Amino acid sequence: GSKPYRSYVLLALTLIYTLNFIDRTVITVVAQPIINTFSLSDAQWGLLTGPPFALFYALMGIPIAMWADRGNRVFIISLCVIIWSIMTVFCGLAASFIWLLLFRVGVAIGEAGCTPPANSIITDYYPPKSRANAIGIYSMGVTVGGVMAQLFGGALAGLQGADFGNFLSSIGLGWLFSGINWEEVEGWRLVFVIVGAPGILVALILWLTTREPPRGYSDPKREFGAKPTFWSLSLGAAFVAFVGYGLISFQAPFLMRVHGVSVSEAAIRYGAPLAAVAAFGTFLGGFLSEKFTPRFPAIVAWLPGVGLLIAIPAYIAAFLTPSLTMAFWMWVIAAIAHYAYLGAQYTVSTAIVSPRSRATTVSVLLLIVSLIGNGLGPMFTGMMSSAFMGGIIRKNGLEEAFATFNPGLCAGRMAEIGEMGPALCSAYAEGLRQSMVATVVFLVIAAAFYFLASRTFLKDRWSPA
Numbered sequence: 019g020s021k022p023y024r025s026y027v028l029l030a031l032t033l034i035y036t037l038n039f040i041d042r043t044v045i046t047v048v049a050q051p052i053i054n055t056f057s058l059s060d061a062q063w064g065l066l067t068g069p070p071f072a073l074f075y076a077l078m079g080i081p082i083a084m085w086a087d088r089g090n091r092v093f094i095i096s097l098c099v100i101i102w103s104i105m106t107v108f109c110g111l112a113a114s115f116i117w118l119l120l121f122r123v124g125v126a127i128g129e130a131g132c133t134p135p136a137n138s139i140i141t142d143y144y145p146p147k148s149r150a151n152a153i154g155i156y157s158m159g160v161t162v163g164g165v166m167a168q169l170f171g172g173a174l175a176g177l178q179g180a181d182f183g184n185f186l187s188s189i190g191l192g193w194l195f196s197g198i199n200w201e202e203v204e205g206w207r208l209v210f211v212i213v214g215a216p217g218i219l220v221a222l223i224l225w226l227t228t229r230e231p232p233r234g235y236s237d238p239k254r255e256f257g258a259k260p261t262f263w264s265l266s267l268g269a270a271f272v273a274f275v276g277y278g279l280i281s282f283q284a285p286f287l288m289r290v291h292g293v294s295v296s297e298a299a300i301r302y303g304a305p306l307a308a309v310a311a312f313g314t315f316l317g318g319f320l321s322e323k324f325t326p327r328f329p330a331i332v333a334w335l336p337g338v339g340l341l342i343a344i345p346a347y348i349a350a351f352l353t354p355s356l357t358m359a360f361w362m363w364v365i366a367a368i369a370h371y372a373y374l375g376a377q378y379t380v381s382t383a384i385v386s387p388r389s390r391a392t393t394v395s396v397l398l399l400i401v402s403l404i405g406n407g408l409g410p411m412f413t414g415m416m417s418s419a420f421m422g423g424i425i426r427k428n429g430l431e432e433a434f435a436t437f438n439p440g441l442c443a444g445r446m447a448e449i450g451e452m453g454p455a456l457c458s459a460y461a462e463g464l465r466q467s468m469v470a471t472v473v474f475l476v477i478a479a480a481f482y483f484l485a486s487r488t489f490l491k492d493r494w495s496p497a
């Protein structure tokens with residue numbers, strides 16, 4: 019590399035990764051908007067925000083990783099950056115739920131090929147003396163990306179299509195002003211397009227300015257599978273992630289339906305704070321695992337899963353509370369406890385395997401936590417929400433009214449729904465509220481696995497003696 023040049027390459031890659039997480043998570047900011055537009059079932063929203071990232075890892079990251087090792091240059095990143103940028107603007111342009119769902123899978127496929135190349139890139143650029151600093155910096159893209167998604171998404175939502183159309187026209191793009199009724203363009207479309215578009219320019223800049231480092235350069239010169261502790265730590269993390277993904281996927285719809293916050297406020301005043309908090313708890317739980325190991329590992333107050341068990345009431349309080357102020361603060365407490373156990377299980381998994389094998393140990397564990405947590409979490413939370421609403425409709429005989437239900441009318445056009453419109457809106461709020469509570473009860477399943485891990489830990493532990 020070179021004293022400031024490789025630092026530029028590192029910044030470029032970290033920015034890509036931040037943008038990767040911006041595109042990935044901004045979908046949760048504009049949830050209810052997309053739902054209103056297509057009159058989607060919460061079951062459908064869970065489907066859109068869950069299983070499509072079965073293609074992110076299991077069916078694409080493993081292929082692309084192999085491609086990077088025996089493949090081509092920086093091109094692979096800049097190619098993927100364009101793919102998931104294009105697919106993100108196509109989401110803005112989606113005609114229907116299935117088109118939206120297809121484009122989303124495209125984003126997933128594109129993002130699969132971000133980090134595996136970027137790790138190799140950094141590794142060859144950086145000397146072992148400082149590879150870990152570089153990679154830690156790069157990793158910050160997740161935290162920054164999560165918080166930026168809630169900030170940029172929040173800001174861009176509530177931009178009127180008319181506003182954007184005037185802007186485009188004023189900067190010389192009347193080729194887009196003509197043919198589009200900007201007054202009827204939904205804000206969530208501008209979010210997707212404004213967010214995804216500039217990534218193509220970014221990809222081009224990366225490709226022009228970042229040189230493919232020589233493989234292995236660095237000029238400044254699977255035993256876990258046999259262990260029950262590993263599979264326990266994996267499942268408990270997949271259930272901690274399950275709840276996290278479920279909740280994030282419906283976080284803003286909840287806050288809107290139940291407390292009447294605007295899309296922007298949902299994302300700016302709650303979304304981005306809680307994202308930071310969730311990262312904070314994640315780092316904290318790994319830190320505490322490292323700090324408090326006085327020749328005593330798997331550290332945790334006796335009855336290991338009890339910290340998760342504390343998060344469950346804090347969560348349930350937040351959901352059931354009529355004060356939004358207490359909702360936020362209880363949620364902050366609950367996220368800290370909750371995401372702590374995420375980082376704790378990450379650290380402990382490296383305690384049961386030889387150093388040479390920690391990479392593949394964490395890789396498998398994260399594949400598991402993705403497929404199960406991201407793949408099922410939102411889908412459970414959606415289905416239960418739809419189902420819990422169903423039960424209200426049955427109990428109150430709302431079926432006839434519901435047949436003409438369109439979530440969007442709840443905003444201010446409840447009379448237009450019919451005689452039982454307000455009933456249906458409260459059912460729409462309560463179905464989700466009840467599912468949010470059901471969701472976090474899965475932290476019982478998670479705590480159960482954490483306990484099971486502590487039972488087999490000291491047999492499966494790794495010691496250098």
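Sequence positions in the sequence shown follow the deposited numbering and run 19 to 239, 254 to 497.
Cβ atoms here follow ideal geometry from the backbone N, Cα and C, with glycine treated the same way.
Excluding the 5 residues flanking residue i on each side, which residues of the same chain have their C-beta closer than 7 Å to its C-beta?
{"i": "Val309", "result": "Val364, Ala367, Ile368"}
{"i": "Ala307", "result": "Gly164, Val165, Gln168"}
{"i": "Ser381", "result": "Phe262, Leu265, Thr393, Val394, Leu397"}
{"i": "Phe315", "result": "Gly375"}
{"i": "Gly128", "result": "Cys98, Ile101, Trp102, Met105"}
{"i": "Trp494", "result": "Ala383, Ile384, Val385, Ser386"}
{"i": "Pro410", "result": "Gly64, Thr67, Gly68, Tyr277, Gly278, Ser281"}
{"i": "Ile45", "result": "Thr67"}
{"i": "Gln466", "result": "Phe420"}
{"i": "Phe360", "result": "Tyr302"}
For residue i and residue j, what's the separation of their Cα atoms in angstroms?
{"i": "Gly190", "j": "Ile198", "result": "15 Å"}
{"i": "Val385", "j": "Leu194", "result": "57 Å"}
{"i": "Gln62", "j": "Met416", "result": "11 Å"}
{"i": "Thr32", "j": "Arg327", "result": "36 Å"}
{"i": "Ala455", "j": "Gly176", "result": "27 Å"}
{"i": "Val162", "j": "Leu37", "result": "9 Å"}
{"i": "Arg122", "j": "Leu490", "result": "43 Å"}
{"i": "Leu119", "j": "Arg207", "result": "14 Å"}
{"i": "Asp181", "j": "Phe210", "result": "16 Å"}
{"i": "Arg229", "j": "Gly64", "result": "41 Å"}
{"i": "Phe312", "j": "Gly339", "result": "16 Å"}
{"i": "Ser187", "j": "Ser157", "result": "39 Å"}
{"i": "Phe185", "j": "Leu219", "result": "19 Å"}
{"i": "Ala391", "j": "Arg88", "result": "19 Å"}
{"i": "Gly234", "j": "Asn90", "result": "14 Å"}
{"i": "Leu352", "j": "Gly337", "result": "23 Å"}
{"i": "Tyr35", "j": "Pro70", "result": "19 Å"}
{"i": "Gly423", "j": "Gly463", "result": "8 Å"}
{"i": "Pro345", "j": "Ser196", "result": "54 Å"}
{"i": "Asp41", "j": "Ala215", "result": "10 Å"}
{"i": "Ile348", "j": "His291", "result": "15 Å"}
{"i": "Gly179", "j": "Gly110", "result": "12 Å"}
{"i": "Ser59", "j": "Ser418", "result": "7 Å"}
{"i": "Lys259", "j": "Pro496", "result": "17 Å"}
{"i": "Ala470", "j": "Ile116", "result": "28 Å"}
{"i": "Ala459", "j": "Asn54", "result": "16 Å"}
Can you name, in chain order, every residue of its own chain whose Cβ lies under 8 Å from the Cβ of residue i, other than the five neighbours on each side?
{"i": "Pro238", "result": "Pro145, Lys147"}
{"i": "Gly318", "result": "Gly375, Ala376, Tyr378, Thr379"}
{"i": "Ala447", "result": "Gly453"}
{"i": "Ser114", "result": "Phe56"}
{"i": "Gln50", "result": "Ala284, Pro285, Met288, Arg289, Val295, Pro439"}
Identify, in the order they occur along the chain, each residue of the same chain with its Cβ nearer than 6 Å to the Cβ of residue i, setting aside the five sequence neighbours on each side.
{"i": "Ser266", "result": "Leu397, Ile400"}
{"i": "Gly405", "result": "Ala270, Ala273, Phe274, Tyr277"}
{"i": "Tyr371", "result": "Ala310, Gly313, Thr314"}
{"i": "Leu224", "result": "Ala30, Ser96"}
{"i": "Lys323", "result": "none"}
{"i": "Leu441", "result": "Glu448, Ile449"}
{"i": "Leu341", "result": "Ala479"}
{"i": "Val332", "result": "none"}
Complete runs of the alpha helix (DSSP H) confined to the region 157-188 [at least 4 residues] = 179-188
Whole runs of the beta strand (DSSP E) within the region 104-130, excluding any shorter than 3 residues = Entirely contained in the region 104-130, not one beta strand (DSSP E) run reaches 3 residues.
task = Let me know the alpha helix (DSSP H) ranges lying completely inside the region 339-384, each 4 residues or longer, listed in chain order.
result = 356-382
inquiry  = Taking contact to mean 3 or more Cβ pairs, one atom from each stretch, closer than 8 Å, check whether the region 89-107 and the region 437-444 are in contact.
reply    = no
message = For the structure I just gave you, are there three or more beta carbon pairs, one from the region 442-453 and one from the region 469-484, closer than 8 Å?
response = no
query = In the region 64-106, which residue ranges form an unbroken alpha helix (DSSP H) of at least 4 residues, counting only runs that do not cross its ends?
reply = 79-87
ask   = Quick one: any contact between the region 124-141 and the region 74-82, if contact means 3 or more CB pairs under 8 Å?
value = yes
Complete alpha helix (DSSP H) runs within the region 413-443 (minimum length 4 residues, chain order) = 431-434
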